[PDB]
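Derivation of every value follows stated rules applied to the coordinates shown; laboratory data play no part. Note that each Cβ is placed from the backbone with ideal geometry, even for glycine, and that neighbours are counted across all protein chains shown.
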Amino acid sequence: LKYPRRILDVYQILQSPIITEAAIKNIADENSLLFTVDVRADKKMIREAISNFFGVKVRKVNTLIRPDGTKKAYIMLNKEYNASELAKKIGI
Amino acid sequence: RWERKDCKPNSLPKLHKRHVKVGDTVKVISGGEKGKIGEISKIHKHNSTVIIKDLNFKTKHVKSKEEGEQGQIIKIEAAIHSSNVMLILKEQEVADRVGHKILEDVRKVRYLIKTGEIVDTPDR
Amino acid sequence: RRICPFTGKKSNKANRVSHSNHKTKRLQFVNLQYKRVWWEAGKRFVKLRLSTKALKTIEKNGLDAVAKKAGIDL
Amino acid sequence: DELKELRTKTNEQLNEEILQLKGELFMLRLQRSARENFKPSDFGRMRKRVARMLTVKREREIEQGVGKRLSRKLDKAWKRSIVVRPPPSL
RNA sequence: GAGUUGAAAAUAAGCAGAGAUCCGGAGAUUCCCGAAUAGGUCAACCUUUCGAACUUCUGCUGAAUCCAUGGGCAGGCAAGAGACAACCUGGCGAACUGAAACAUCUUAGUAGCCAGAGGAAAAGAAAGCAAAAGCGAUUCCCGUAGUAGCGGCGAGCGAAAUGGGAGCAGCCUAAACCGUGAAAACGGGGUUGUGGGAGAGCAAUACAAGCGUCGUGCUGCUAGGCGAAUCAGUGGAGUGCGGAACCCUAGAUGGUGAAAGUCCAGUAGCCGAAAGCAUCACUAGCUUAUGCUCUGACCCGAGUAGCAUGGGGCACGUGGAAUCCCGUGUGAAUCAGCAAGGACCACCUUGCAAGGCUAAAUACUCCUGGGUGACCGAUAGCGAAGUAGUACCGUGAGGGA
RNA sequence: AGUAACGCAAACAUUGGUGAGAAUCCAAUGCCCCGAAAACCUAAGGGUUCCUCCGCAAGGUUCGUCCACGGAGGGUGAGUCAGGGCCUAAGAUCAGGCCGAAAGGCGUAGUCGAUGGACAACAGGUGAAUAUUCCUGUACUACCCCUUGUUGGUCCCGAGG
RNA sequence: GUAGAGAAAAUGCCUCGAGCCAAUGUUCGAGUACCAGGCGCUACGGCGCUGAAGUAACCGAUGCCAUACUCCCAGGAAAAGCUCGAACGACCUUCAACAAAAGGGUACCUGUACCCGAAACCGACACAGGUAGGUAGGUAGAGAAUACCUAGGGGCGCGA
């Protein structure tokens, strides 16, 4: 059997995007975009929940904790997909 | 103002049982604005107070805008207590108490205890 | 513990008295000594920690009824 | 507004509808973050309806007759394999 | 039965006279830590073969060792762990103090510490008190009584019996004997005291009472419902005052601009439960079971009682020191007996230890639901009427507004 | 009592700017100080003090337009760096085992336990707050797939290191 | 290579190998980078285009070789990773397992700000005190003392 490290309610593993101006800097400059996830999350569970719900090959998943408690995730997509054409569809 | 906040048994506020519904014609019994009829507008169950139309006059001053313009003076009603009002039928002009008649169907309706008509309004 | 499993003999809280009636505590306890007694239902020695009164039972009454009186044999 | 249809639907379409309403709830989180015009009441009855769905599913766990910890092992034995899928509203 | 999405306003959208919000009964979820329990852990995390780990129970396989034991594997809604203010029981157990010092003694078997357990616990059904008269398990209260005593006869400690009340309830088991098995057990019998039981024989049948998933019964509780009777004048406001009326099976209370029988919520009274719990009363049913005569043989709880010692505790400090329980060592008798009646002996009286279980009266408050208060009113009353065991201090125990 | 003091005797001065208000905030020019630091980075600790804007009620031993202060928002990106997914020392906990009024004491296997042993990334740029972490270049680890052979392989055990 | 119960190892015997070891070094990485300068506007805070030489020698490290040698007694951790290997023991077996050769794919949690010879840590203070470790420029000097300075950072939060 292929167990994950922790079973963590995968339709709630992502919470909200970040709409700061530096996030748009990461879109136009990095082909990346910014999500807010819960602390109980992975570079294997978030990375699977982007290539399925969105339909995009994700390059890397750079995560960090934020001292108010919640977790911040810079997800960088592949070169084949612009983050600007996939972020205006959501509302960025 | 902690001396006047709502009491909360099991996180929900204790709501009072009263005798005035919306759309009723109340009379002010004693306090202040004595002896004038009126509809009620908005209801406040925790204070047991009721705001009624076009009688209680509280001329309040409001800073209107954020640009500092026109600063309007708005004349707004306040809360008179629910024990200071009675109900009124427009056929017999007399302020009367309440009563709960159980009619032929299952429903139980209000009743002016001195006259013979029903306070209770249908679905419209 | 300083108890015998067969007969429930424990220590005795019993003061000692000098000539001028001074009393210390002197916890007084039984001679429950190490032995290794033969067992007829297995024809073999068991290693036990027996008080001497319990020794007089297992030689007088036999080890079977004493060990079933305590409840334990293995 | 009575939800009479939930005790009519079988367990597979029940569970698939749970996953669809959770996905629509995540779309309501994206539309709430996007500041597009949204209904917060739908954000209420979405999760509030998934509560109804899991009460009916858990009653169906009850009338077979199994333990609470067997429902823990069965439920967590199911939650480990949920491939994410977007809702059919496109 | 009419508005709601807590405090807590505002804003955006809802939910609702095919009955929302809310209340009550029974259920569901309950991330992570914490008995914490898959393993580790620096609690609320990490690693995961996603696991009730360990002990106990059941089942299989069954080491040194033949039977065993240990181990391993498995099952299991799976019994225990952990928490609990005070009371209760069991064990360790002081010292300051009092004696005008202090060691015997007291404080004190109190505090404290550990363990356990219930709404009560312990004890409890006479090997008992008593005195020639009598009582009939245990517990608690008043009393005897500050008496008899005990005590460097100092300081102090201090019963018990007779009497009066609360509450009452008594039952299972071993042995002698029959039957099955190598014992060990099992099934019948018997469990009592101015003695029974076993063995042998004769009679004789049903009155009364005890226990109880199960469901109809009753009241009570956890939501509630109806519920009597007035206006007007007065300096902000009237419930107060003055004038006119009424209710009362309701004049308890709280509020309402201001103090209320007639304004509201209510109250007196009458009602009301789908669901759960509790109270006693039914029920298929299990049970208790009887009387006489002969028979001193057989039995009536053994390393036990007693004794020599070392003690402890009974108010009794080793004293004439009995009763009760233990440490070492010795070590009985079965009813024609044994133990107690304050060393001990003789007679009489009383009871039958060395096997267990029991409700009530009883002690207390972390509390809960009612009713009160010659109790407080922000230096008071709980430490705490707001963030209260909070800010703050300490490494921590802890202190603390 | 409006008294001592205002926390080294490195030392500031002027011109402009901002404002209602400037010895103190900013900018420039000189002057002066540390320079095995009074420089830069990381271990510990602290916990948001870091950055933009706003404010000057309290704090700053003066003032203040400034602030490690108050309010709102943001910021900490790792296969390679440091720990864990590896290992053990001191030490701790110790299954069974011995002991002990209780609690627990001793002690073996085992398991934790870095201050050590093992293991793979450097240079330039970006940037109000991040850089061996983000971008670009060249690399290196640990597994899978793609081609040749092998029927045995993994772990425990024996040894070198 | 053998020999003994002897797979590896260890010990004993025999044989082949004159070289070996490691900092440093040349090239690629690596220049259509960086860089002095000039060229055009200032929100005058900087951006924009172009770009020369980029070598040699003397000193010389407390850094490497280097757990390299010499000397001494006071005699200098453990286990895993790694490498080699028979029997015994548990499991899986053929397109399964093992060992490589190029080429692609994949990349586990926590810490990452800021102060850290301190105004933010510890001394109740924005306290003349304390705090492990790393980098060690020039001149005069034996020197990490000292005196003055580059980089970088300040003028010590009352003044007259």
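Tabulated results
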| read-out | value |
| --- | --- |
| Some residue of region A:73-86 being within 14 Å of chain D (Cβ to nearest Cβ), within 18 Å of D:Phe26 (Cα to Cα) and without any contact (Cβ under 8 Å) to a residue 12 or more places away in the chain | no |
| Answer residue from region A:46-64, given it is under 25 Å from D:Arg80 (Cβ atoms), of a type in the set (A, V, I, L, M, F, W, C) and more than 11 Å from chain D (Cβ to nearest Cβ) and is nearest to the chain's Cα centre (by Cα) among those | A:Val61 |
| Single match in D:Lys4, D:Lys39, D:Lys76 (criterion: loosely packed, with under 13 Cβ neighbours inside 10 Å, charged (D, E, K, R) and closer than 25 Å to A:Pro4 by Cα) | D:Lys76 |
| First in region B:79-107 and within 13 Å of B:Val119 (Cβ to Cβ), second anywhere and within 7 Å of RNA strand E (Cβ to nearest atom) and of a type in the set (S, T, N, Q), Cβ under 9 Å, 6 or more apart | none |
| Those residues of region C:11-36 which are within 15 Å of RNA strand F (Cβ to nearest atom) and over 8 Å from the mean Cα position of the chain (by Cα), in sequence order | C:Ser11, C:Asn12, C:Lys13, C:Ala14, C:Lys25, C:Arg26, C:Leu27, C:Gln28, C:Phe29, C:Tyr34, C:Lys35, C:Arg36 |
| Qualifying positions in region A:64-92 - under 19 Å from A:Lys25 (Cβ atoms), surrounded by 13 or more Cβ atoms within 10 Å (Cβ to Cβ) and not small (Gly, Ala, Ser) | A:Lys72, A:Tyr74, A:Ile75, A:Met76, A:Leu77, A:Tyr81, A:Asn82, A:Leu86, A:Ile90, A:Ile92 |
| Filter result (crowded, with 18+ Cβ neighbours inside 10 Å, part of a strand (DSSP E or B) and more than 10 Å from RNA strand G (Cβ to nearest atom)) within region A:30-57 | A:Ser32, A:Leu33, A:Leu34, A:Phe35 |
| Residue that is within 13 Å of another protein chain (Cβ to nearest Cβ), in contact with a strand residue (DSSP E or B) (Cβ under 8 Å, 6 or more places away or on another chain) and either in a loop (DSSP other than H, G, I, E, B) or not hydrophobic (A, V, I, L, M, F, W, C) (or both), where the choices are D:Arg29, D:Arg47 | D:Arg29 |
| Residue within region A:1-8 that is within 18 Å of D:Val84 (Cβ to Cβ), within 14 Å of chain D (Cβ to nearest Cβ) and in contact with a strand residue (DSSP E or B) (Cβ under 9 Å, 6 or more places away or on another chain) present | no |
| Region D:2-37: number of residues that are at negative phi and without any contact (Cβ under 8 Å) to a residue 40 or more places away in the chain | 24 |
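Residue by residue, here is whether (1) at positive phi; (2) touching a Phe, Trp or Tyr at 6+ places or on another chain (Cβ under 8 Å) holds:
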{"site": "A:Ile13", "(1), (2)": "no, no"}
{"site": "A:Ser16", "(1), (2)": "no, yes"}
{"site": "A:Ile19", "(1), (2)": "no, no"}
{"site": "A:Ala28", "(1), (2)": "no, no"}
{"site": "A:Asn31", "(1), (2)": "yes, yes"}
{"site": "A:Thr36", "(1), (2)": "no, no"}
{"site": "A:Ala87", "(1), (2)": "no, no"}
{"site": "A:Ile92", "(1), (2)": "no, no"}
